[PDB]
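Beneath this line is the structure, given in structure tokens, with notes to follow.
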Protein chains: 2
Amino acid sequence: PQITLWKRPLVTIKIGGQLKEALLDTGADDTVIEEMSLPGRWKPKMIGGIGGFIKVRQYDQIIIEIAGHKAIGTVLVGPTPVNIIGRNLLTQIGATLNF
Amino acid sequence: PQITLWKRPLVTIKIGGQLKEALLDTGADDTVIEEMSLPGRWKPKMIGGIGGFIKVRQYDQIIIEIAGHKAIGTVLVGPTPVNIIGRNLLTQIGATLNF
Ligand SMILES: CC(C)CN(C[C@@H](O)[C@H](Cc1ccccc1)NC(=O)O[C@H]1CCOC1)S(=O)(=O)c1ccc(N)cc1
Ligand SMILES: [Cl-]
Ligand SMILES: [Cl-]
Ligand SMILES: [Cl-]
Ligand code: NA
């Protein structure tokens, strides 16, 4: 679709067999989701921005369906205020910002 | 333009006669720029980011150019990792997400 920016660009995602609402975020390097279980290995990471940093778990090679479009990549998991689809997965669904 | 997301969507902005680099950030409700001098009165605002809520200064009706596109709107000033062009100004310039 073409999504305007009058309101937050929220979509439904499917991750880890769960449905979640998430923000399509061109300002986020990497996808970060609220606490949930994911399979496989992980390693700790710190990410930061407005308000400072949080500690997350980095899981690689995770499949997320994003508004009906499947994509695989790294998913960070931790105490994010909002679920965020970042550039690492936006690229895979062919998302662009147009003006 | 059509901006892909393989790298950060950084553009040049012009504010206060000066060129600066800024990030086109669909996950940011608001535009926030690093400390600088802007004209007029300001009002307080709280904004939330990944690490928590912070206080910033809100300036209204500020002239700003974004990638050559003229805008006039609200600019926040405060402790910010990067200059952020958020949805208030992305909407002005006609930016949409597309996939
Ligand atoms: C600040 C940018 C440069 C980076 N962030 C993305 C931003 O879109 C961020 C997303 C968000 C929205 C609402 C609550 C919390 C976070 N919005 C944001 O702070 O909105 C403020 C600034 C003005 O308007 C309000 S991030 O969340 O720190 C981040 C960092 C690393 C990763 N991998 C993922 C996310
Ligand atoms: Cl990735
Ligand atoms: Cl591409
Ligand atoms: Cl505005
Ligand atoms: Na993995």
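Ordered as shown in the structure tokens, chains take letters A, B, and onward, while each chain numbers its residues from 1 and ligands are numbered from 1 in the order shown.
Contacts from chain B to chain A at a cut-off of 6 Å (only C-alpha atoms) map to residues 1, 2, 3, 4, 5, 25, 26, 27, 49, 50, 51, 52, 53, 54, 80, 81, 87, 91, 94, 95, 96, 97, 98 and 99 of chain B.
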**OP:** If you run DSSP over the backbone, which residues in chain A end up strand (DSSP E)? Put them as a PyMOL selection string.
**Re:** chain A and resi 2-3+10-15+18-24+31-33+42-49+52-66+69-77+84-85+96-98
Result of fitting chain A on chain B (Cα atoms paired in order), as a PDB file with C-alpha atoms, in the first residue's frame:
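Resulting contents of selection_0.pdb:
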ATOM      1  CA  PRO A   1      13.161  11.007  -4.899  1.00  0.00           C
ATOM      2  CA  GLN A   2      12.625   7.370  -3.970  1.00  0.00           C
ATOM      3  CA  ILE A   3      14.736   6.511  -0.950  1.00  0.00           C
ATOM      4  CA  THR A   4      15.509   2.894  -0.073  1.00  0.00           C
ATOM      5  CA  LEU A   5      16.049   1.778   3.473  1.00  0.00           C
ATOM      6  CA  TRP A   6      19.268  -0.238   3.265  1.00  0.00           C
ATOM      7  CA  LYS A   7      20.921   2.599   5.174  1.00  0.00           C
ATOM      8  CA  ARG A   8      19.485   5.384   7.309  1.00  0.00           C
ATOM      9  CA  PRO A   9      17.447   7.865   5.204  1.00  0.00           C
ATOM     10  CA  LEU A  10      19.536  10.938   5.921  1.00  0.00           C
ATOM     11  CA  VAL A  11      19.054  14.236   4.088  1.00  0.00           C
ATOM     12  CA  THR A  12      20.380  17.766   4.311  1.00  0.00           C
ATOM     13  CA  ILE A  13      18.092  20.340   5.811  1.00  0.00           C
ATOM     14  CA  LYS A  14      18.299  24.102   6.188  1.00  0.00           C
ATOM     15  CA  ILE A  15      16.917  25.494   9.439  1.00  0.00           C
ATOM     16  CA  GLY A  16      17.573  28.791  11.136  1.00  0.00           C
ATOM     17  CA  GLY A  17      20.101  29.640   8.439  1.00  0.00           C
ATOM     18  CA  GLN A  18      22.086  26.515   9.259  1.00  0.00           C
ATOM     19  CA  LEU A  19      22.694  23.295   7.294  1.00  0.00           C
ATOM     20  CA  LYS A  20      22.210  20.041   9.186  1.00  0.00           C
ATOM     21  CA  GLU A  21      21.913  16.367   8.402  1.00  0.00           C
ATOM     22  CA  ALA A  22      18.631  14.790   9.564  1.00  0.00           C
ATOM     23  CA  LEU A  23      16.838  11.449   9.542  1.00  0.00           C
ATOM     24  CA  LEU A  24      13.499  11.088   7.697  1.00  0.00           C
ATOM     25  CA  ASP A  25      11.553   9.334  10.443  1.00  0.00           C
ATOM     26  CA  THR A  26       8.042   7.954   9.965  1.00  0.00           C
ATOM     27  CA  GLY A  27       8.101   6.754  13.576  1.00  0.00           C
ATOM     28  CA  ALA A  28       8.539  10.278  14.983  1.00  0.00           C
ATOM     29  CA  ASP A  29       5.402  12.320  15.568  1.00  0.00           C
ATOM     30  CA  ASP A  30       7.307  15.624  15.638  1.00  0.00           C
ATOM     31  CA  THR A  31      10.594  16.998  14.312  1.00  0.00           C
ATOM     32  CA  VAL A  32      13.397  17.235  16.890  1.00  0.00           C
ATOM     33  CA  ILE A  33      16.743  18.971  16.309  1.00  0.00           C
ATOM     34  CA  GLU A  34      19.928  19.204  18.376  1.00  0.00           C
ATOM     35  CA  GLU A  35      20.572  22.336  20.355  1.00  0.00           C
ATOM     36  CA  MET A  36      20.371  25.508  18.252  1.00  0.00           C
ATOM     37  CA  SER A  37      18.827  28.934  18.421  1.00  0.00           C
ATOM     38  CA  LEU A  38      15.408  29.597  16.910  1.00  0.00           C
ATOM     39  CA  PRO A  39      13.288  32.763  16.872  1.00  0.00           C
ATOM     40  CA  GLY A  40      10.044  33.372  18.699  1.00  0.00           C
ATOM     41  CA  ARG A  41       8.325  31.937  21.699  1.00  0.00           C
ATOM     42  CA  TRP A  42       8.730  28.447  23.002  1.00  0.00           C
ATOM     43  CA  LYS A  43       7.282  26.129  25.608  1.00  0.00           C
ATOM     44  CA  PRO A  44       8.787  23.086  27.307  1.00  0.00           C
ATOM     45  CA  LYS A  45       7.782  19.549  26.375  1.00  0.00           C
ATOM     46  CA  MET A  46       8.857  16.002  27.229  1.00  0.00           C
ATOM     47  CA  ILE A  47       9.224  13.365  24.421  1.00  0.00           C
ATOM     48  CA  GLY A  48      10.107   9.744  24.903  1.00  0.00           C
ATOM     49  CA  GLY A  49      10.845   6.385  23.399  1.00  0.00           C
ATOM     50  CA  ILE A  50      13.539   3.792  23.513  1.00  0.00           C
ATOM     51  CA  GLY A  51      15.697   4.610  26.480  1.00  0.00           C
ATOM     52  CA  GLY A  52      13.151   7.019  28.058  1.00  0.00           C
ATOM     53  CA  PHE A  53      12.384  10.730  27.815  1.00  0.00           C
ATOM     54  CA  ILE A  54      14.118  14.012  27.105  1.00  0.00           C
ATOM     55  CA  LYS A  55      13.107  17.608  27.715  1.00  0.00           C
ATOM     56  CA  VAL A  56      12.830  19.845  24.650  1.00  0.00           C
ATOM     57  CA  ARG A  57      11.820  23.375  23.702  1.00  0.00           C
ATOM     58  CA  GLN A  58       8.816  23.566  21.371  1.00  0.00           C
ATOM     59  CA  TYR A  59       8.991  26.315  18.730  1.00  0.00           C
ATOM     60  CA  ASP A  60       6.005  26.766  16.434  1.00  0.00           C
ATOM     61  CA  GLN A  61       5.795  28.107  12.891  1.00  0.00           C
ATOM     62  CA  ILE A  62       9.422  27.358  11.919  1.00  0.00           C
ATOM     63  CA  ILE A  63      10.411  27.063   8.254  1.00  0.00           C
ATOM     64  CA  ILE A  64      12.769  24.086   7.341  1.00  0.00           C
ATOM     65  CA  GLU A  65      13.935  23.284   3.822  1.00  0.00           C
ATOM     66  CA  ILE A  66      14.115  19.465   3.676  1.00  0.00           C
ATOM     67  CA  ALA A  67      16.091  18.116   0.714  1.00  0.00           C
ATOM     68  CA  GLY A  68      15.062  21.210  -1.245  1.00  0.00           C
ATOM     69  CA  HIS A  69      11.377  21.191  -0.196  1.00  0.00           C
ATOM     70  CA  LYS A  70      10.124  24.002   2.091  1.00  0.00           C
ATOM     71  CA  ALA A  71       7.803  23.266   4.944  1.00  0.00           C
ATOM     72  CA  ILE A  72       6.589  25.086   8.054  1.00  0.00           C
ATOM     73  CA  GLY A  73       5.644  23.624  11.385  1.00  0.00           C
ATOM     74  CA  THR A  74       6.666  22.905  14.967  1.00  0.00           C
ATOM     75  CA  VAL A  75      10.318  22.124  15.709  1.00  0.00           C
ATOM     76  CA  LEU A  76      11.411  20.661  19.013  1.00  0.00           C
ATOM     77  CA  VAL A  77      14.949  21.502  20.152  1.00  0.00           C
ATOM     78  CA  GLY A  78      16.928  19.517  22.724  1.00  0.00           C
ATOM     79  CA  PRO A  79      19.438  16.758  23.396  1.00  0.00           C
ATOM     80  CA  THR A  80      18.389  14.323  20.690  1.00  0.00           C
ATOM     81  CA  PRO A  81      21.084  11.851  19.593  1.00  0.00           C
ATOM     82  CA  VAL A  82      20.170  12.462  15.927  1.00  0.00           C
ATOM     83  CA  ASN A  83      18.342  15.240  14.120  1.00  0.00           C
ATOM     84  CA  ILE A  84      14.896  13.903  13.172  1.00  0.00           C
ATOM     85  CA  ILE A  85      12.341  15.053  10.620  1.00  0.00           C
ATOM     86  CA  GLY A  86       9.076  13.717  11.929  1.00  0.00           C
ATOM     87  CA  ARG A  87       5.626  13.297  10.496  1.00  0.00           C
ATOM     88  CA  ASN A  88       4.538  16.858  11.187  1.00  0.00           C
ATOM     89  CA  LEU A  89       6.930  18.032   8.449  1.00  0.00           C
ATOM     90  CA  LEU A  90       7.070  14.873   6.301  1.00  0.00           C
ATOM     91  CA  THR A  91       3.410  15.373   5.457  1.00  0.00           C
ATOM     92  CA  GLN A  92       4.121  18.872   4.185  1.00  0.00           C
ATOM     93  CA  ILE A  93       6.698  17.684   1.655  1.00  0.00           C
ATOM     94  CA  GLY A  94       4.288  14.959   0.475  1.00  0.00           C
ATOM     95  CA  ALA A  95       6.325  12.028   1.797  1.00  0.00           C
ATOM     96  CA  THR A  96       4.779   8.602   1.713  1.00  0.00           C
ATOM     97  CA  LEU A  97       5.945   5.111   2.600  1.00  0.00           C
ATOM     98  CA  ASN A  98       5.283   2.760  -0.370  1.00  0.00           C
ATOM     99  CA  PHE A  99       5.367  -1.028  -0.651  1.00  0.00           C
TER     100      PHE A  99
END
**OP:** Pull the helix (DSSP H, G or I) assignments for chain A out of DSSP run on the backbone, and list those residues as a PyMOL selection string.
**Re:** chain A and resi 87-90
Any chance you can output those residues with C-alpha atoms as a PDB file, in the first residue's frame?
ATOM      1  CA  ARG A  87      15.234  -0.811   8.142  1.00  0.00           C
ATOM      2  CA  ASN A  88      16.755  -4.277   8.266  1.00  0.00           C
ATOM      3  CA  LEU A  89      13.300  -5.729   7.526  1.00  0.00           C
ATOM      4  CA  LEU A  90      11.722  -2.769   5.693  1.00  0.00           C
TER       5      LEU A  90
END
